[PDB]
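In the structure tokens that follow, the same protein chain appears in two forms, which are kept apart as structure 1 and structure 2.
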Structure 1
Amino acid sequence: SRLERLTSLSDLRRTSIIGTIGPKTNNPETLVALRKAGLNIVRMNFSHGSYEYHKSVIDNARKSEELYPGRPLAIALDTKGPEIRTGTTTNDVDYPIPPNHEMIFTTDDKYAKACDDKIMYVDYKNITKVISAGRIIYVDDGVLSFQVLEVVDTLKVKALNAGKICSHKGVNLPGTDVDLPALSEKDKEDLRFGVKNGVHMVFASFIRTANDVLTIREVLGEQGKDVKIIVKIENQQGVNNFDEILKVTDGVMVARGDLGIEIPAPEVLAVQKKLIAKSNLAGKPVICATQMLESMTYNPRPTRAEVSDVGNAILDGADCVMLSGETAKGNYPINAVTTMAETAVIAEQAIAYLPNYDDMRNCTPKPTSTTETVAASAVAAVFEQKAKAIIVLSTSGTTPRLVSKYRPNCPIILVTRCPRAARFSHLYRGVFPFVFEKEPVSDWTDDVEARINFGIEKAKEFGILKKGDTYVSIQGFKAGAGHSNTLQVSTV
């Protein structure tokens, strides 16, 4: 009874909070305070900044752990996909305000650093081929709308709305199949660099076809592997073929920011709810991002609509809710994060777990897979015994994942030896990674146990588990290729 529940409306937040680190936050002290607020994954927007502009963050991040461990600080690498950008005005951020006048658009660098009013540049050197008369072109957050009057290349366009034409802004051209590659020559260097410094995840930008992901996979190369690929659905194609994409990727990212530019902004409300849902089904994790608290970028107080977005994104099924420029330059970073976390606590506090689990477990099996079967079965026991926690050890993150899907109204303490897994594990809601240093003991029967009890302790530390409580353990033991198949309902 959605109505009954809704009519009738503490625990530890279970949804990650990705944070884009900018100059103003690029320092252990701050980087720590951010993590103290609730920062988990760290976004690395490679759209701006040099290899040192980032290699500086990767270290400061690692520092924050040193200064104070807390929770396995993750480090993501947001590739600067195939994006277009305008050139530079004649002399610094000018104020040329087009009201509805037409003008030329070149791509021969000749005016790259002098474009103004009677002219303007664009990154896409081949735009003259992809774009044709009639095409609209949004510029800067999709503000200025242009209308290609005629390709003359040097193509002719015409403003539609006012607004001044500034320097180096995004050039979104919806309705045009750009012949650009999701991975550029430079893009790869960033990946090889990321895997070099060991970035846990990579938020691939502007994906369209599965092949795209595939490439990001073979480009990540041998070193990649452990690094998960997060496809960022930014255009229409990443929505059209988002199904075949969803298959290969490791998780998708609701790229609202540029999404709302490609497809009509109001559609992003439906496209989100869908993608986020299409992901929970597949089991792959999903991150909702952009302007989740834009106002907090210049204010310690978020607007009603803002917090609503946060929570709703979560209530939709979002696994991760990230902060962009809100912390990458905002005058209120720690405050933003905090507001998020606080909102996140309530969001997942007004969710329908029992039924939702049914729905999730109903669009399955066919039949399910062994590890998924016990994952579901594991969550099942929770609702029955009313388990205060479900301990699960894993090395590939797989198990704790499938466990997160059938989302339990309790925490999913994942004990592990691997340091990367426990890091990107944050990519899953409800998961609480904990690294085990104690090298294996003697048996895959005493070790796993000592590991299981370990989880119990850490849980007890987090208050997650009271004195004489109840809990479920998830471990495997299949002839040779053991891979989760056991369930253990125990008491604390």
Structure 2
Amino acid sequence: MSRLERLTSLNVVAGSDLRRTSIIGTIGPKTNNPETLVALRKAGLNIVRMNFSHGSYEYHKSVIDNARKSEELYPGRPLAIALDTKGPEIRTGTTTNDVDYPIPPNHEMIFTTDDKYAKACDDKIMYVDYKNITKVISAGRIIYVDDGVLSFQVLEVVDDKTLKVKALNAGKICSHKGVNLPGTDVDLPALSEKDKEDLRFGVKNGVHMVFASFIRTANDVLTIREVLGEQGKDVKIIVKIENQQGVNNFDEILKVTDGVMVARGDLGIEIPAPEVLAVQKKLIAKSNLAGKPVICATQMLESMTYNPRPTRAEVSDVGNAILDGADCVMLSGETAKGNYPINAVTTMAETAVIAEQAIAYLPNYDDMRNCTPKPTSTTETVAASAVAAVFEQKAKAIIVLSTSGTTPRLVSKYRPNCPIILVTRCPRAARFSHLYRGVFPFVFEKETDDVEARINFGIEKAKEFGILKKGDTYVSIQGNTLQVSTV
């Protein structure tokens, strides 16, 4: 309980413990190649993310077999591919004479959705590819343009394709940039006709996850669940919370989803910037309770794109997201468009280890069990129980055999302060298990009087990582028993 004595004792300096939080990294043209993909994975990259906001399936299919290629050149930790939906966003039209950039000072103008002005639009009018904004929008609303650099107080609603508006601030109007609707119930499908194809393209191409952008409600999840199809039942749906509709509803959404990602980016544009701080820790905490894998993402080491050294805020943000309960850390343009991607993963990583040597494992564990123990599913009771075991005997590991990634995810929920060695035969679960914090998957084959072998796989596999020293003390899990033998 001595938070103050926990704090006053932080005893810094990254020690012997292996990083437990998986590092998600977006890939750009630069980073798309085995050699780099390797220096990246070696440095700490766990999962790879492909933003389907740009790029042809050629542009992407490339990335995959390249990662698959890095796996060939040197397997190391199993890597995971993940599709990131180009959700229902808003791209304004193009400026007439190409790159012409008229400059509104704080004047009145007019946005329209006619396409007649698509390629030919600027200063006087503006195109927006969301044919319905006129319905979902209302005079008084404030539209934002290009990373919310521009504001537009909705003055009126002309026609039903026309919108009288006024620049609330300066800047020059450019072409094709994202439009943000702060405080407007968008009816856009979380998934579009193309998105249905990108998913289907991913499923086919065997990507393990999906980060559905701009999720507003549970149905949206249910929808992307079936669109994924029977062949994609085994793939994870990582809801992306980046708007009010997605927060003023998170709870019912958290229910049906597999995971959740604090899509900081738009979220920070969508709602007030300062609000995030609380709207972040709140969703991670809520996630933790639900037991589902959460991910913090965007601008963590943003500056580490043009620079080799990250800032104070960035470092002291990577660590915090972990203290708040994040299961994974992301990297967007620091890997898909930056000069120092190797250092990126390398700084994130280094910070995660110091950020885990500060956690209050015992008390945090208790708090988590004092929430809805009544109950508790048998796998979760054994989950919590095993965790307690190590806290007592000071166990070093906690080998658990699985296929659904259920048993190791639950233990994860109970955040042990020792490696969670998951021995599995299913290759798929071993890849998407980097979603749950602290889980070190390994794939075992051949084929309950045989599980001792699998347990010897994880033990020896643990030994190679220097996690067990023999005559140590580990806890196993399987059918639902619970072991606690020695090395």
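The term rigid core refers to the most C-alpha atoms you can superpose between the two forms while keeping them within 1.5 Å. Numbering for residues begins at 1 and runs along the sequence of structure 1.
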> Just one of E83, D316, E342, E102 has a CA that shifts 2 Å or more between the two structures on a core fit; which is it?
Replying inline: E102
> Using the core for the fit, does the CA position of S167 change by 2 Å or more between the two structures?
Replying inline: yes
>> I want to check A112: does it shift between the two structures by 2 Å or more at the Cα, with the core superposed?
In response: yes
> Against the rigid core, is the Cα displacement of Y357 between the two structures at least 2 Å?
Replying inline: no
> Taking the rigid core as the frame of reference, how far in Å is the Cα of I131 displaced between the two structures?
Replying inline: 1.6
>> Given the rigid core as reference frame, how large is the C-alpha shift of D92 between the two structures? Answer in angstrom.
In response: 4.4
> How many angstrom apart are the two C-alpha positions of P367 between the two structures, if you fit on the rigid core?
Replying inline: 2.2
